[PDB]
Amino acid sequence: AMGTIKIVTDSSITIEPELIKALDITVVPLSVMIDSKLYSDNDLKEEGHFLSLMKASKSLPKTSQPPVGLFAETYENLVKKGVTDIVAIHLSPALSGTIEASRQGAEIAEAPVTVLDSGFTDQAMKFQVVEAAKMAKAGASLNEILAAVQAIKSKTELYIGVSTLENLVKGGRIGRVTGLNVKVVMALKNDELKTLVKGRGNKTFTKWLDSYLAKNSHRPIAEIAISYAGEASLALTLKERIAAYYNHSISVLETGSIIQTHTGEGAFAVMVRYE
């Protein structure tokens, strides 16, 4: 297949930077306002650092999608480097208008961008981005990349637990929750956060997870990942439970500032991709 394909995503992805570097993925940053100062999310990836900033702030941080003009410049630079097709994969439009900004920036740049809704964010979105970038590097065709991305998307599930509704309420994403200090597990399903279970202690999360795995793990999992906002202890406890049903490596990462702002501390996601 003639041409050079590159992958673009946004900074709501959660991934080791060694993979970004190995695969030449371009990550467009969102922004976050912290007590009247504007930060690029790409500057907020050092472990624990945003958590400290959020915990100390006088008021809740506020996120915003990347500027249309930042996408335009990003795509113009890629075309200048000789890139002939660009695949942009973004967090769900249920969560952010980032994906629209991406499409608008591409229009301005007059760039060959195919803009995809991942349906997720964080490590569930990483599943699609890594596959696309690996295949782009190998010289796969655009159509093969698009089919493979869609296959991954169709076999992915994302479950998120929160320990408070305050961040969801104050950042507005409570508007997606289909149902302030309580434990809740939701599925990110279509355009909504579908409430599955509600409870008082961390046992809300482990009971839910045990009943998920008992029901579903007979279907071979290709990959499973956990992310967290706050301290890692809860995620690591969850990892231990998954490990009893599932033999392979489990990626446990701190989620980024964009997600932390909207979930608050004591949140996690379990993200599963079936074979």
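Numbering starts at 1 and follows the sequence shown.
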**OP:** Using what the record says, work out whether there is a hole in the model between residue 82 and residue 83 and how many deposited residues it spans (none, 1 to 3, 4 to 9, 10 or more).
**Re:** none
**OP:** Give the stretch, out of 234-242 and 215-223, with the larger mean C-alpha temperature factor in the deposited entry.
**Re:** 234-242
Original post:
Between 118-126 and 103-111, which has the higher average C-alpha B-factor in the PDB entry?
Top reply: 103-111
Original post:
Which of these, 199, 161, 93, 172, has its C-alpha atom at the highest B-factor, as the entry lists it?
Top reply: 199
Original post:
Going by the entry, which of 74, 150, 204, 167 has the most elevated CA B factor?
Top reply: 204
Original post:
Among the modelled residues of its chain, does the C-alpha B-factor of residue 65 lie in the lowest, middle or highest third?
Top reply: middle
Subject >> Third of chain Cα B-factors occupied by residue 250 >> reply: highest
Subject >> Among modelled residues of the same chain, the CA temperature factor third for residue 136 >> reply: middle
Original post:
residue 269: which third of its chain by C-alpha temperature factor?
Top reply: lowest
Subject >> Ranked against its chain, the third holding the CA B-factor of residue 42 >> reply: middle
